[PDB]
Amino acid sequence: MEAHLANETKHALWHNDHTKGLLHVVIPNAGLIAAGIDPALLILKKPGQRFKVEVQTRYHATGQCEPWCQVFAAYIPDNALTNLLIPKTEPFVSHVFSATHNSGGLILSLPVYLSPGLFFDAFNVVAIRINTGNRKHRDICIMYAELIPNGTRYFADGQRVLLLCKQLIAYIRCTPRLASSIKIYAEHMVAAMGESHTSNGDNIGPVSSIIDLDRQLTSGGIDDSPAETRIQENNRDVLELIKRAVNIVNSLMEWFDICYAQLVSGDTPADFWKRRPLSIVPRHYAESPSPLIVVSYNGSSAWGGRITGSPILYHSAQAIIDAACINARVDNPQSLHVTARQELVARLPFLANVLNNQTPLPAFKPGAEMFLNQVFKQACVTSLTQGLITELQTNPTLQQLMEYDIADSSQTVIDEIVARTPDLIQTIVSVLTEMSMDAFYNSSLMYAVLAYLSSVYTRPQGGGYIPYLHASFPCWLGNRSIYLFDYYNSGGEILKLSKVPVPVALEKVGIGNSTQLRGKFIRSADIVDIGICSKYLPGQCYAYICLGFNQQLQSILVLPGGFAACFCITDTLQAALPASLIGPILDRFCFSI
Amino acid sequence: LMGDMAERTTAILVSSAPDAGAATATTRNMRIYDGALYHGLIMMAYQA
């Protein structure tokens with residue numbers, strides 16, 4: 001609550017560009033149980049990772065994208081509700097109030113669009129980037145309908161403050177200290193709230209005051225709308241006239257604030273807004289039982305605030321569409337009349353880019369990146385296996401050619417692997433329909449392939465392709481420095497063995513004639529979690545198979561046994577996959593300064 | 001009794017997780033492979 005408040009000055013200083021309105025959104029941490037990660041490494045533990053969260057938009061057949069947003073936040077464990085609701089009293093912490101097992105919380109920035117032409121629909125999905133493991137990141141994807149539900153909770157917040165104030169008054173009165181002036185002024189203030197409410201009723205009435213969320217997050221969604229206010233005022237006028245007819249024919253916290261400042265002697269950001277009514281905008285879902293509570297400032301003319309009059313309602317954008325749809329009893333606007341299309345274009349300027357049928361795309365699928373990358377990886381792996389099998393079929397010479405450091409007593413089994421090349425390639429071909437597809441869908445190979453295509457088609461309008469931070473650092477100018485080796489066993493069955501590839505140095509000795517390969521190593525003084533598989537000798541029950549790739553999509557076989565094939569698949573990908581399949585890729589993965 | 005009868009027994013495999021008393025990140029990675037049969041029939045004797 002402190003970092004966000006400190007960062008709010010950037011949004012406060014903004015005067016122009018009203019299309020990005022920052023607001024406070026609280027995301028419950030109930031879904032973190034299924035994350036399967038360590039919560040200790042998510043707030044403050046071993047600094048250096050520099051975890052960041054980015055927010056980006058996703059358009060549909062229009063082009064362009066938002067240039068991300070540099071925001072960050074931190075979690076808070078151990079009953080965050082207790083320390084965010086009750087004012088901070090760490091020097092004099094005691095048994096104050098009563099609550100059940102609470103949870104944590106987080107604050108996320110989500111820009112909103114405010115303008116005379118407000119409009120509202122559900123066609124945009126907000127993408128959230130998390131700097132964690134790409135394997136089962138456990139992310140969420142929602143449309144714009146949940147972002148703006150057009151509702152607020154203004155009446156339910158009144159009773160919440162009453163329980164807290166009664167509890168604090170009881171706590172103050174329970175200790176016999178200070179002087180009788182505080183007691184007498186508290187009694188006078190209590191009596192001033194009602195004549196028969198206290199003298200003939202009760203002063204405090206603890207009865208069953210238990211801090212719980214039962215009637216706060218259930219009802220009160222649409223209660224202060226202008227139509228509801230008109231109905232309420234009409235009902236109150238009717239009641240007033242009925243009372244008048246029946247009669248005609250029968251047959252103020254200044255002292256409290258001063259005392260609180262004197263006693264607590266400490267302020268928290270969650271106390272200044274308690275004097276004014278708040279707004280709650282929950283948006284729950286069946287995925288996890290946790291409402292998405294949203295708090296909006298009351299002292300500013302932001303979304304949901306009520307300080308000068310009617311707030312933003314996001315209206316005048318649905319009745320016209322409904323009338324157009326019901327005019328011809330056809331839901332699809334594409335098969336409507338010319339007059340309806342003209343009216344829709346005139347009323348909605350942003351809808352004119354869909355009728356002209358520009359930037360064609362199959363249907364409207366914002367979440368196409370997953371299977372698009374899956375198809376690209378499958379095509380690349382099939383091209384690679386076709387190239388390797390063709391080079392193996394057209395491989396000249398036989399057995400070993402160069403020296404190779406092989407022990408005399410261990411060379412009797414080295415040739416066995418080489419003699420089983422048809423079996424190995426058959427197993428590789430057959431494993432494409434047996435191995436799981438969730439193990440190679442977020443590896444470094446797809447990222448390197450995507451970064452390789454960044455050189456071609458550098459935006460329709462241009463761009464220097466200069467990222468700020470947290471980008472493809474290993475793939476900046478060339479892939480010949482960092483290699484990716486995958487270790488697989490031999491025989492009639494091939495399965496994944498390693499977890500993360502480790503680069504292996506390689507050099508050529510001979511500068512002509514029969515080239516020789518001799519791997520080397522580079523001493524690193526920045527990490528110690530390095531496997532010993534790369535440093536293993538070629539002997540000791542043979543070795544693995546390595547197939548490196550450069551920045552030009554050139555693969556060099558490093559299979560032991562004097563066999564080495566060099567094939568390029570840079571032109572096979574373009575032939576099989578045209579340039580019309582990189583639409584969303586260019587729309588999303590692009591940035592300029 | 002013969003009017004109402006069951007069909008067969010089903011087997012469900014479950015897992016286990018260690019206690020959350022340790023804050024080490026390695027405690028959330030390991031997982032001991034163990035379980036028990038669902039509605040199984042085990043006899044405490046044998047027939048010669």
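All of the numbers you see were taken from the coordinates with simple rules; none came from a lab. So basically every Cβ, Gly included, is an ideal-geometry build from the backbone, and we count neighbours across all protein chains shown.
Taking amide H atoms as placed 1.01 Å from N in the peptide plane, the amide H of A:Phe549 lies under 5 Å from those of A:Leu484, each 5 or more residues away in sequence or on another chain.
Is the shape of the range A:227-334 rounded, prolate or oblate, going by the alpha carbon gyration tensor and its root eigenvalues a ≥ b ≥ c, with a/c under 1.5 for rounded and a/b larger than b/c for prolate? It is oblate, given that a/c is not under 1.5 and a/b is not larger than b/c. The mean of 1/r over all pairs of different alpha-carbon atoms in the range A:364-475, once inverted, gives a Kirkwood hydrodynamic radius of 18.3 Å. Divide the volume of the convex hull around the Cα atoms of the range A:264-384 by the residue count and you get 271 Å³ per residue.
With the highest mean first, a sort of the peptides A:267-279, A:546-558 on other beta-carbon atoms found within 10 angstrom per residue produces A:546-558, A:267-279. Find the centroid of the Cα atoms in the range A:337-400 and in the range A:574-589, then give the distance between the two in whole Å. Comparing the Cα centres of the range A:337-400 and the range A:574-589, I get a distance of 6 Å.
Taking a Cβ cut-off of under 13 Å around A:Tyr544, the surrounding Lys, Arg, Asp and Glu residues balance to a net charge of +1, with basic ones at +1 and acidic ones at -1. Across the range B:29-35, coupling constants 3J(HN,Hα) worked out from phi with the 6.51/-1.76/1.60 Karplus curve, θ = phi - 60°, read 9, 6, 7, 6, 7, 7, x Hz, and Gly and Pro carry x.
Backbone geometry of the range A:72-85 corresponds, through the Karplus equation with coefficients 6.51, -1.76 and 1.60 at θ = phi - 60°, to 3J(HN,Hα) couplings of 8, 7, 9, 8, 8, x, 6, 6, 4, 4, 5, 7, 9, 8 Hz, x marking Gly and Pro.
The HN-Hα couplings worked out from phi for the range A:61-71 by the Karplus form 6.51 cos²θ - 1.76 cosθ + 1.60 (θ = phi - 60°) are 6, 10, x, 6, 7, 5, x, 6, 7, 7, 9 Hz, whole numbers, x standing for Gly and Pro. Using C-alpha pairs under 8 Å with a sequence gap of at least 6, the mean separation divided by the residue count of the range A:295-396 gives a relative contact order of 8 percent.
A DSSP coil position with no more than 11 other Cβ atoms inside 10 Å describes the following GluC sites (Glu not before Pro) in the range A:284-377: A:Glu287.
Within a straight-line Cα-Cα reach of under 12 Å, A:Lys136 can be paired with the following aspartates and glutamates, leaving aside sequence neighbours fewer than 8 residues apart in one chain: A:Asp438. Based on the alpha-carbon gyration tensor of the range A:113-225 and its eigenvalue square roots a ≥ b ≥ c, which shape applies: rounded if a/c is under 1.5, prolate if not and a/b is larger than b/c, or oblate? Because a/c hits 1.5 or more and a/b exceeds b/c, the range A:113-225 counts as prolate.
Calculated FRET efficiency, A:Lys499 to A:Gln262, Cβ-Cβ distance, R0 = 51 Å: about 0.25 to the nearest 0.05. Using C-alpha pairs under 8 Å with a sequence gap of at least 6, the mean separation divided by the residue count of the range A:405-555 gives a relative contact order of 30 percent.
The value for the protein assembly as shown of Rg(Cα) / (2.2 N^0.38 Å) is 1.34. Given 37 °C and 0.692 mPa s, compute D for the range A:482-593 with the Stokes-Einstein relation, Rh being the Kirkwood radius over Cα pairs; round to the nearest whole µm²/s. The diffusion coefficient I find is 188 µm²/s. Stokes-Einstein diffusion of the range A:397-530 at 37 °C, 0.692 mPa s viscosity, Kirkwood radius from Cα pairs, rounded to a whole number: 171 µm²/s.
Summing charges over all other residues whose Cβ lies under 11 Å from the Cβ of A:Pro291, with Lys and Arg as +1 and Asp and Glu as -1, gives +2. Candidate cross-link partners of A:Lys20 among the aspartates and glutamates, defined by an alpha-carbon separation under 19 Å and a same-chain spacing of 8 or more, comprise A:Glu8, A:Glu54, A:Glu66, A:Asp121, A:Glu146. For A:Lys166, a cut-off of 21 angstrom between C-alpha atoms picks up these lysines, skipping any fewer than 8 places away in its own chain: A:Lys88, A:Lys183, A:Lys274. Seen through its C-alpha gyration tensor, with square-root eigenvalues sorted a ≥ b ≥ c, the range A:26-185 comes out oblate because a/c lies at 1.5 or above while a/b is not bigger than b/c.
Taking a point 7 Å from the Cα of A:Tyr113 along the Cα-to-Cβ direction, the residues of the range A:313-337 with backbone N closer than 18 Å to it are A:313-322.
If you take all other residues with their beta carbon under 12 Å from the beta carbon of A:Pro39, and give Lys and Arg +1 and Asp and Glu -1, the sum is 0.
Rg ratio for chain B: its Cα radius of gyration over 2.2 N^0.38 Å, N being its residue count, equals 1.99.
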